[PDB]
file start.pdb (PDB, N, CA and C atoms)
ATOM      1  N   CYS A   1      37.840  -8.532  17.387  1.00  0.00           N
ATOM      2  CA  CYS A   1      36.831  -8.759  16.359  1.00  0.00           C
ATOM      3  C   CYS A   1      36.136 -10.102  16.566  1.00  0.00           C
ATOM      4  N   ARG A   2      34.850 -10.052  16.894  1.00  0.00           N
ATOM      5  CA  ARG A   2      34.072 -11.263  17.122  1.00  0.00           C
ATOM      6  C   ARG A   2      33.172 -11.564  15.925  1.00  0.00           C
ATOM      7  N   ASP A   3      32.418 -12.653  16.018  1.00  0.00           N
ATOM      8  CA  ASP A   3      31.515 -13.052  14.944  1.00  0.00           C
ATOM      9  C   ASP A   3      30.065 -12.765  15.320  1.00  0.00           C
ATOM     10  N   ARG A   4      29.301 -12.250  14.362  1.00  0.00           N
ATOM     11  CA  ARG A   4      27.898 -11.929  14.592  1.00  0.00           C
ATOM     12  C   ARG A   4      27.123 -13.166  15.038  1.00  0.00           C
ATOM     13  N   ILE A   5      27.555 -14.330  14.566  1.00  0.00           N
ATOM     14  CA  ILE A   5      26.902 -15.585  14.917  1.00  0.00           C
ATOM     15  C   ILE A   5      27.701 -16.344  15.972  1.00  0.00           C
ATOM     16  N   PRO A   6      27.018 -17.240  16.699  1.00  0.00           N
ATOM     17  CA  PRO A   6      27.644 -18.051  17.748  1.00  0.00           C
ATOM     18  C   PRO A   6      28.602 -19.093  17.183  1.00  0.00           C
ATOM     19  N   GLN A   7      29.337 -19.758  18.069  1.00  0.00           N
ATOM     20  CA  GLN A   7      30.291 -20.779  17.655  1.00  0.00           C
ATOM     21  C   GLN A   7      29.573 -22.065  17.258  1.00  0.00           C
ATOM     22  N   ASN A   8      28.337 -22.215  17.722  1.00  0.00           N
ATOM     23  CA  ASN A   8      27.543 -23.399  17.414  1.00  0.00           C
ATOM     24  C   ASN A   8      27.405 -23.585  15.907  1.00  0.00           C
ATOM     25  N   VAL A   9      27.155 -22.487  15.201  1.00  0.00           N
ATOM     26  CA  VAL A   9      27.002 -22.528  13.751  1.00  0.00           C
ATOM     27  C   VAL A   9      28.351 -22.407  13.053  1.00  0.00           C
ATOM     28  N   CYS A  10      29.242 -21.608  13.632  1.00  0.00           N
ATOM     29  CA  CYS A  10      30.570 -21.405  13.066  1.00  0.00           C
ATOM     30  C   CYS A  10      31.399 -22.682  13.153  1.00  0.00           C
ATOM     31  N   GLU A  11      31.038 -23.554  14.091  1.00  0.00           N
ATOM     32  CA  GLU A  11      31.749 -24.813  14.278  1.00  0.00           C
ATOM     33  C   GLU A  11      31.775 -25.620  12.982  1.00  0.00           C
ATOM     34  N   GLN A  12      30.594 -25.981  12.493  1.00  0.00           N
ATOM     35  CA  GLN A  12      30.481 -26.757  11.264  1.00  0.00           C
ATOM     36  C   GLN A  12      31.265 -26.100  10.132  1.00  0.00           C
ATOM     37  N   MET A  13      31.318 -24.771  10.151  1.00  0.00           N
ATOM     38  CA  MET A  13      32.036 -24.023   9.126  1.00  0.00           C
ATOM     39  C   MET A  13      33.539 -24.271   9.222  1.00  0.00           C
ATOM     40  N   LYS A  14      34.028 -24.438  10.445  1.00  0.00           N
ATOM     41  CA  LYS A  14      35.447 -24.684  10.675  1.00  0.00           C
ATOM     42  C   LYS A  14      35.823 -26.109  10.280  1.00  0.00           C
ATOM     43  N   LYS A  15      35.009 -27.070  10.702  1.00  0.00           N
ATOM     44  CA  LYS A  15      35.253 -28.474  10.389  1.00  0.00           C
ATOM     45  C   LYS A  15      35.137 -28.725   8.890  1.00  0.00           C
ATOM     46  N   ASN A  16      34.309 -27.928   8.223  1.00  0.00           N
ATOM     47  CA  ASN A  16      34.109 -28.065   6.784  1.00  0.00           C
ATOM     48  C   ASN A  16      35.361 -27.648   6.019  1.00  0.00           C
ATOM     49  N   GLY A  17      36.067 -26.652   6.547  1.00  0.00           N
ATOM     50  CA  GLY A  17      37.277 -26.177   5.902  1.00  0.00           C
ATOM     51  C   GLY A  17      36.990 -25.187   4.790  1.00  0.00           C
ATOM     52  N   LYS A  18      35.847 -24.516   4.879  1.00  0.00           N
ATOM     53  CA  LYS A  18      35.455 -23.536   3.872  1.00  0.00           C
ATOM     54  C   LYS A  18      36.161 -22.204   4.107  1.00  0.00           C
ATOM     55  N   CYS A  19      36.440 -21.901   5.370  1.00  0.00           N
ATOM     56  CA  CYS A  19      37.114 -20.660   5.730  1.00  0.00           C
ATOM     57  C   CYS A  19      38.358 -20.449   4.872  1.00  0.00           C
ATOM     58  N   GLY A  20      39.026 -21.546   4.527  1.00  0.00           N
ATOM     59  CA  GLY A  20      40.224 -21.460   3.713  1.00  0.00           C
ATOM     60  C   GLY A  20      39.921 -21.511   2.229  1.00  0.00           C
ATOM     61  N   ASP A  21      38.878 -22.250   1.864  1.00  0.00           N
ATOM     62  CA  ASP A  21      38.485 -22.380   0.466  1.00  0.00           C
ATOM     63  C   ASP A  21      38.109 -21.023  -0.121  1.00  0.00           C
ATOM     64  N   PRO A  22      38.339 -20.861  -1.433  1.00  0.00           N
ATOM     65  CA  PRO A  22      38.033 -19.616  -2.142  1.00  0.00           C
ATOM     66  C   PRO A  22      36.532 -19.379  -2.276  1.00  0.00           C
ATOM     67  N   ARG A  23      35.785 -20.456  -2.494  1.00  0.00           N
ATOM     68  CA  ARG A  23      34.337 -20.365  -2.640  1.00  0.00           C
ATOM     69  C   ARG A  23      33.710 -19.686  -1.426  1.00  0.00           C
ATOM     70  N   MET A  24      34.282 -19.935  -0.253  1.00  0.00           N
ATOM     71  CA  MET A  24      33.778 -19.347   0.983  1.00  0.00           C
ATOM     72  C   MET A  24      34.817 -18.420   1.606  1.00  0.00           C
ATOM     73  N   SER A  25      35.188 -17.376   0.872  1.00  0.00           N
ATOM     74  CA  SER A  25      36.176 -16.417   1.351  1.00  0.00           C
ATOM     75  C   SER A  25      35.496 -15.214   1.999  1.00  0.00           C
ATOM     76  N   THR A  26      34.491 -14.673   1.319  1.00  0.00           N
ATOM     77  CA  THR A  26      33.758 -13.519   1.825  1.00  0.00           C
ATOM     78  C   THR A  26      32.685 -13.944   2.821  1.00  0.00           C
ATOM     79  N   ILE A  27      31.900 -14.948   2.445  1.00  0.00           N
ATOM     80  CA  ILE A  27      30.838 -15.450   3.308  1.00  0.00           C
ATOM     81  C   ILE A  27      31.397 -15.949   4.636  1.00  0.00           C
ATOM     82  N   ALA A  28      32.447 -16.759   4.563  1.00  0.00           N
ATOM     83  CA  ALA A  28      33.078 -17.301   5.760  1.00  0.00           C
ATOM     84  C   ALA A  28      33.652 -16.188   6.631  1.00  0.00           C
ATOM     85  N   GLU A  29      34.016 -15.077   5.998  1.00  0.00           N
ATOM     86  CA  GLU A  29      34.580 -13.940   6.718  1.00  0.00           C
ATOM     87  C   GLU A  29      33.485 -13.137   7.411  1.00  0.00           C
ATOM     88  N   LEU A  30      32.477 -12.736   6.643  1.00  0.00           N
ATOM     89  CA  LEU A  30      31.365 -11.961   7.182  1.00  0.00           C
ATOM     90  C   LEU A  30      30.557 -12.787   8.178  1.00  0.00           C
ATOM     91  N   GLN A  31      30.399 -14.073   7.881  1.00  0.00           N
ATOM     92  CA  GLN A  31      29.648 -14.970   8.750  1.00  0.00           C
ATOM     93  C   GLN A  31      30.474 -15.363   9.971  1.00  0.00           C
ATOM     94  N   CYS A  32      31.716 -15.769   9.733  1.00  0.00           N
ATOM     95  CA  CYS A  32      32.609 -16.173  10.812  1.00  0.00           C
ATOM     96  C   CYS A  32      33.977 -15.513  10.661  1.00  0.00           C
ATOM     97  N   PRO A  33      34.039 -14.206  10.955  1.00  0.00           N
ATOM     98  CA  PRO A  33      35.280 -13.432  10.860  1.00  0.00           C
ATOM     99  C   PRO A  33      36.290 -13.820  11.936  1.00  0.00           C
ATOM    100  N   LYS A  34      35.784 -14.208  13.102  1.00  0.00           N
ATOM    101  CA  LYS A  34      36.641 -14.608  14.212  1.00  0.00           C
ATOM    102  C   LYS A  34      36.992 -16.089  14.122  1.00  0.00           C
ATOM    103  N   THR A  35      35.967 -16.933  14.044  1.00  0.00           N
ATOM    104  CA  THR A  35      36.168 -18.373  13.955  1.00  0.00           C
ATOM    105  C   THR A  35      37.149 -18.723  12.841  1.00  0.00           C
ATOM    106  N   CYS A  36      37.005 -18.056  11.701  1.00  0.00           N
ATOM    107  CA  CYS A  36      37.879 -18.295  10.559  1.00  0.00           C
ATOM    108  C   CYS A  36      39.186 -17.520  10.702  1.00  0.00           C
ATOM    109  N   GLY A  37      39.177 -16.511  11.568  1.00  0.00           N
ATOM    110  CA  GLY A  37      40.366 -15.706  11.781  1.00  0.00           C
ATOM    111  C   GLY A  37      40.775 -14.936  10.542  1.00  0.00           C
ATOM    112  N   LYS A  38      39.976 -13.939  10.178  1.00  0.00           N
ATOM    113  CA  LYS A  38      40.259 -13.121   9.003  1.00  0.00           C
ATOM    114  C   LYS A  38      39.804 -11.683   9.220  1.00  0.00           C
ATOM    115  N   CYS A  39      39.948 -11.199  10.450  1.00  0.00           N
ATOM    116  CA  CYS A  39      39.552  -9.838  10.789  1.00  0.00           C
ATOM    117  C   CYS A  39      40.724  -9.063  11.384  1.00  0.00           C
TER     118      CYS A  39
END

call {"tool": "encode", "arguments": {"input": "start.pdb", "output": "structure tokens"}}
result
Amino acid sequence: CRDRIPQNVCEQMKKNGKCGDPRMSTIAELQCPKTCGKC
């Protein structure tokens, strides 16, 4: 399972720590399912 978007954009998402936060649970998944590791 890969991410529709590149790692360039998913990077900031990882450093931000939103992938784990509840506010960014669905968005972080659909946007970065691989980078966040939730697929």

call {"tool": "select_by_dssp", "arguments": {"input": "start.pdb", "residues": "chain A", "states": "alpha helix (DSSP H)", "output": "PyMOL selection string"}}
result
chain A and resi 7-16+27-31

call {"tool": "atom_distance", "arguments": {"input": "start.pdb", "atom1": "atom C of residue 34 (chain A)", "atom2": "atom C of residue 13 (chain A)"}}
result
10.1 Å

call {"tool": "atom_distance", "arguments": {"input": "start.pdb", "atom1": "CA of residue 4 (chain A)", "atom2": "CA of residue 21 (chain A)"}}
result
20.5 Å

call {"tool": "resolve_selection", "arguments": {"input": "start.pdb", "expression": "the PyMOL selection byres ((chain A and resi 36) around 8)", "output": "JSON, numbers by chain"}}
result
{"A": [10, 13, 14, 18, 19, 20, 28, 29, 31, 32, 33, 34, 35, 37, 38, 39]}

call {"tool": "axis_aligned_box", "arguments": {"input": "start.pdb", "around": "region 5-10 of chain A", "padding_each_side": "8 Å", "output": "AutoDock Vina command-line options"}}
result
--center_x 29.2 --center_y -19.0 --center_z 15.6 --size_x 20.5 --size_y 25.3 --size_z 21.0

call {"tool": "atom_distance", "arguments": {"input": "start.pdb", "atom1": "atom N of residue 1 (chain A)", "atom2": "atom N of residue 23 (chain A)"}}
result
23.3 Å

call {"tool": "build_atoms", "arguments": {"input": "start.pdb", "residues": "region 15-39 of chain A", "atoms": "N, CA, C and O atoms", "output": "PDB file, in the frame of the given file"}}
result
ATOM      1  N   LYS A  15      35.009 -27.070  10.702  1.00  0.00           N
ATOM      2  CA  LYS A  15      35.253 -28.474  10.389  1.00  0.00           C
ATOM      3  C   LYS A  15      35.137 -28.725   8.890  1.00  0.00           C
ATOM      4  O   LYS A  15      35.785 -29.620   8.349  1.00  0.00           O
ATOM      5  N   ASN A  16      34.309 -27.928   8.223  1.00  0.00           N
ATOM      6  CA  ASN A  16      34.109 -28.065   6.784  1.00  0.00           C
ATOM      7  C   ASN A  16      35.361 -27.648   6.019  1.00  0.00           C
ATOM      8  O   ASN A  16      35.681 -28.214   4.975  1.00  0.00           O
ATOM      9  N   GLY A  17      36.067 -26.652   6.547  1.00  0.00           N
ATOM     10  CA  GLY A  17      37.277 -26.177   5.902  1.00  0.00           C
ATOM     11  C   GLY A  17      36.990 -25.187   4.790  1.00  0.00           C
ATOM     12  O   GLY A  17      37.787 -25.031   3.866  1.00  0.00           O
ATOM     13  N   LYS A  18      35.847 -24.516   4.879  1.00  0.00           N
ATOM     14  CA  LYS A  18      35.455 -23.536   3.872  1.00  0.00           C
ATOM     15  C   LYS A  18      36.161 -22.204   4.107  1.00  0.00           C
ATOM     16  O   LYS A  18      36.448 -21.467   3.163  1.00  0.00           O
ATOM     17  N   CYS A  19      36.440 -21.901   5.370  1.00  0.00           N
ATOM     18  CA  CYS A  19      37.114 -20.660   5.730  1.00  0.00           C
ATOM     19  C   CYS A  19      38.358 -20.449   4.872  1.00  0.00           C
ATOM     20  O   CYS A  19      38.706 -19.318   4.530  1.00  0.00           O
ATOM     21  N   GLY A  20      39.026 -21.546   4.527  1.00  0.00           N
ATOM     22  CA  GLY A  20      40.224 -21.460   3.713  1.00  0.00           C
ATOM     23  C   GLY A  20      39.921 -21.511   2.229  1.00  0.00           C
ATOM     24  O   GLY A  20      40.619 -20.894   1.424  1.00  0.00           O
ATOM     25  N   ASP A  21      38.878 -22.250   1.864  1.00  0.00           N
ATOM     26  CA  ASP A  21      38.485 -22.380   0.466  1.00  0.00           C
ATOM     27  C   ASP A  21      38.109 -21.023  -0.121  1.00  0.00           C
ATOM     28  O   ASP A  21      37.625 -20.131   0.575  1.00  0.00           O
ATOM     29  N   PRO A  22      38.339 -20.861  -1.433  1.00  0.00           N
ATOM     30  CA  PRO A  22      38.033 -19.616  -2.142  1.00  0.00           C
ATOM     31  C   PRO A  22      36.532 -19.379  -2.276  1.00  0.00           C
ATOM     32  O   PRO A  22      36.063 -18.244  -2.184  1.00  0.00           O
ATOM     33  N   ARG A  23      35.785 -20.456  -2.494  1.00  0.00           N
ATOM     34  CA  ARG A  23      34.337 -20.365  -2.640  1.00  0.00           C
ATOM     35  C   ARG A  23      33.710 -19.686  -1.426  1.00  0.00           C
ATOM     36  O   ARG A  23      32.729 -18.953  -1.551  1.00  0.00           O
ATOM     37  N   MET A  24      34.282 -19.935  -0.253  1.00  0.00           N
ATOM     38  CA  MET A  24      33.778 -19.347   0.983  1.00  0.00           C
ATOM     39  C   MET A  24      34.817 -18.420   1.606  1.00  0.00           C
ATOM     40  O   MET A  24      35.271 -18.646   2.727  1.00  0.00           O
ATOM     41  N   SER A  25      35.188 -17.376   0.872  1.00  0.00           N
ATOM     42  CA  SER A  25      36.176 -16.417   1.351  1.00  0.00           C
ATOM     43  C   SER A  25      35.496 -15.214   1.999  1.00  0.00           C
ATOM     44  O   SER A  25      35.872 -14.787   3.092  1.00  0.00           O
ATOM     45  N   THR A  26      34.491 -14.673   1.319  1.00  0.00           N
ATOM     46  CA  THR A  26      33.758 -13.519   1.825  1.00  0.00           C
ATOM     47  C   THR A  26      32.685 -13.944   2.821  1.00  0.00           C
ATOM     48  O   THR A  26      32.573 -13.373   3.907  1.00  0.00           O
ATOM     49  N   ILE A  27      31.900 -14.948   2.445  1.00  0.00           N
ATOM     50  CA  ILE A  27      30.838 -15.450   3.308  1.00  0.00           C
ATOM     51  C   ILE A  27      31.397 -15.949   4.636  1.00  0.00           C
ATOM     52  O   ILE A  27      30.888 -15.605   5.703  1.00  0.00           O
ATOM     53  N   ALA A  28      32.447 -16.759   4.563  1.00  0.00           N
ATOM     54  CA  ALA A  28      33.078 -17.301   5.760  1.00  0.00           C
ATOM     55  C   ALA A  28      33.652 -16.188   6.631  1.00  0.00           C
ATOM     56  O   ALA A  28      33.764 -16.336   7.847  1.00  0.00           O
ATOM     57  N   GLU A  29      34.016 -15.077   5.998  1.00  0.00           N
ATOM     58  CA  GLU A  29      34.580 -13.940   6.718  1.00  0.00           C
ATOM     59  C   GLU A  29      33.485 -13.137   7.411  1.00  0.00           C
ATOM     60  O   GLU A  29      33.551 -12.885   8.615  1.00  0.00           O
ATOM     61  N   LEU A  30      32.477 -12.736   6.643  1.00  0.00           N
ATOM     62  CA  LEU A  30      31.365 -11.961   7.182  1.00  0.00           C
ATOM     63  C   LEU A  30      30.557 -12.787   8.178  1.00  0.00           C
ATOM     64  O   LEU A  30      30.088 -12.270   9.192  1.00  0.00           O
ATOM     65  N   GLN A  31      30.399 -14.073   7.881  1.00  0.00           N
ATOM     66  CA  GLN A  31      29.648 -14.970   8.750  1.00  0.00           C
ATOM     67  C   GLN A  31      30.474 -15.363   9.971  1.00  0.00           C
ATOM     68  O   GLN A  31      29.995 -15.300  11.104  1.00  0.00           O
ATOM     69  N   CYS A  32      31.716 -15.769   9.733  1.00  0.00           N
ATOM     70  CA  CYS A  32      32.609 -16.173  10.812  1.00  0.00           C
ATOM     71  C   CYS A  32      33.977 -15.513  10.661  1.00  0.00           C
ATOM     72  O   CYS A  32      34.964 -16.151  10.293  1.00  0.00           O
ATOM     73  N   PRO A  33      34.039 -14.206  10.955  1.00  0.00           N
ATOM     74  CA  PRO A  33      35.280 -13.432  10.860  1.00  0.00           C
ATOM     75  C   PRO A  33      36.290 -13.820  11.936  1.00  0.00           C
ATOM     76  O   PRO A  33      37.499 -13.769  11.714  1.00  0.00           O
ATOM     77  N   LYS A  34      35.784 -14.208  13.102  1.00  0.00           N
ATOM     78  CA  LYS A  34      36.641 -14.608  14.212  1.00  0.00           C
ATOM     79  C   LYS A  34      36.992 -16.089  14.122  1.00  0.00           C
ATOM     80  O   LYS A  34      38.166 -16.461  14.123  1.00  0.00           O
ATOM     81  N   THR A  35      35.967 -16.933  14.044  1.00  0.00           N
ATOM     82  CA  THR A  35      36.168 -18.373  13.955  1.00  0.00           C
ATOM     83  C   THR A  35      37.149 -18.723  12.841  1.00  0.00           C
ATOM     84  O   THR A  35      38.019 -19.578  13.012  1.00  0.00           O
ATOM     85  N   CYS A  36      37.005 -18.056  11.701  1.00  0.00           N
ATOM     86  CA  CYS A  36      37.879 -18.295  10.559  1.00  0.00           C
ATOM     87  C   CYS A  36      39.186 -17.520  10.702  1.00  0.00           C
ATOM     88  O   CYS A  36      40.178 -17.829  10.044  1.00  0.00           O
ATOM     89  N   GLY A  37      39.177 -16.511  11.568  1.00  0.00           N
ATOM     90  CA  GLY A  37      40.366 -15.706  11.781  1.00  0.00           C
ATOM     91  C   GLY A  37      40.775 -14.936  10.542  1.00  0.00           C
ATOM     92  O   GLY A  37      41.797 -15.236   9.924  1.00  0.00           O
ATOM     93  N   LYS A  38      39.976 -13.939  10.178  1.00  0.00           N
ATOM     94  CA  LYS A  38      40.259 -13.121   9.003  1.00  0.00           C
ATOM     95  C   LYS A  38      39.804 -11.683   9.220  1.00  0.00           C
ATOM     96  O   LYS A  38      39.332 -11.023   8.293  1.00  0.00           O
ATOM     97  N   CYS A  39      39.948 -11.199  10.450  1.00  0.00           N
ATOM     98  CA  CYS A  39      39.552  -9.838  10.789  1.00  0.00           C
ATOM     99  C   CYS A  39      40.724  -9.063  11.384  1.00  0.00           C
ATOM    100  O   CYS A  39      41.683  -9.653  11.880  1.00  0.00           O
TER     101      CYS A  39
END
